[PDB]
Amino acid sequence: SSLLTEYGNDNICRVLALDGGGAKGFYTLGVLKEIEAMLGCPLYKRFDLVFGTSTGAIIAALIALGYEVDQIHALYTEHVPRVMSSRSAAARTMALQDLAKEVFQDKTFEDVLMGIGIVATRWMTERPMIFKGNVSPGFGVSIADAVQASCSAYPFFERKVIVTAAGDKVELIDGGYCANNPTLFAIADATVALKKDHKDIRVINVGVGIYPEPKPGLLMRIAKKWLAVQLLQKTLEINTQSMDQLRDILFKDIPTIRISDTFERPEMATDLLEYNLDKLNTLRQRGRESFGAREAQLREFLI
C-alpha cells in the first residue's frame, strides 16, 4: 500500500478512543482518514491501544486487525446504514448479526495487531464488560460476538448472549449505556494495566460530531415510540459529553485531544434511525474539517 512511513518506538503510549453513534461514524472516519494520511502508516503502526463502543467498536476492531481507513470506510458503508435502516427488533437483530459475521468472520482477540478494548453493558449487573486483546483474550469470545454485543441496543435490538471461556453465560447490551465515550476505560487500561505514567500518555478521542436535535414532529413520522427514541438519543449524548468532562476533572495531566465538533447541518434522525447515505456521506467532510482545525496539535501529539 501507499502507507510506507515507519516510526521508531518510544516510551509514549498513544491511545485512540472511538465513540459510538449509529451510522454517524462517517464523521469518525473522516477524522481518522486525515490522521492516517498525516502519519503515512496504518493506524495500528502508531497507536498502542484503541477502544471503541457500539458502532465505534466496529471501527476500533478493524483498526486493530490492521485495516486502512479507506478499507474500513468501504466496510462501514456497505453494512452499518443497512442496520440502522431496520425498523423492527427482528430486522435490527438479524442485520447486526449479519454485519458481525460478514465483517469479522472468525477473527479472535488473539488476531489483533495492537491493544484493543470493546465495551458492552452487562444486563444483570448493569456494569461494563470490556473485551480486550493485545500483542484469556476477549474472554475467549470472537471479535464478531464482542462487536455484536457492543452494538446490541436493547430495547430495539435483542440482548446478546455470550459464554466465556471459563463457562460463564452473560447477557449483554450496547456499550453506549455505560461508556459510549470509552476514553476513561482506555485511560484506566493505560494507567492500571500498562502501568504508564500520565505524562507518557497521548489520548485521541474521536466522536461522531453533534448535529441539530430531531424534533418530535419529525420523529413522530418515522417512529411510533418517538419519546423513547428521543430519550435514548439525549441520554446517549449526555453520557458522551459528561464522560469527557469527568475525564477533564480527574486526569488534567493526561494529554488529550477530543474531536467531536458541532454543526448546523445535516438535519438527521437520531443515531438509532438515521440511514440516509446522502446525509451521512457529508459527515466525512465535516470530520476532515474537524481534523483541519486541530492539525498542528495532532502533529505534535503523534509524530
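Just count from 1 along the sequence shown to find any residue number.
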How much of the deposited sequence is absent from the coordinates between residue 74 and residue 75: none, 1 to 3, 4 to 9, or 10 or more residues? none
For the C-alpha atoms alone, is the average B factor greater in 96-104 or in 195-203, going by the entry? 195-203
With B-factors read from the PDB entry, the higher C-alpha mean of 236-244 and 66-74 is in 66-74
Options 181, 121, 152, 164 - largest CA temperature factor per the record: 164
Out of 270, 54, 28, 262, whose C-alpha atom has the biggest B factor in the entry? 262
Lowest, middle or highest third: where is residue 231 by Cα B-factor in its chain? lowest
Lowest, middle or highest third of the chain for the C-alpha temperature factor of residue 220? highest
Third assignment of residue 34 from its chain's C-alpha B-factors: middle
Once the chain's modelled residues are ordered by C-alpha B factor and cut into thirds, is residue 117 in the lowest, middle or highest one? middle
According to the PDB entry, is the CA B factor of residue 145 in the bottom, middle or top third of its chain, that is, lowest, middle or highest? middle
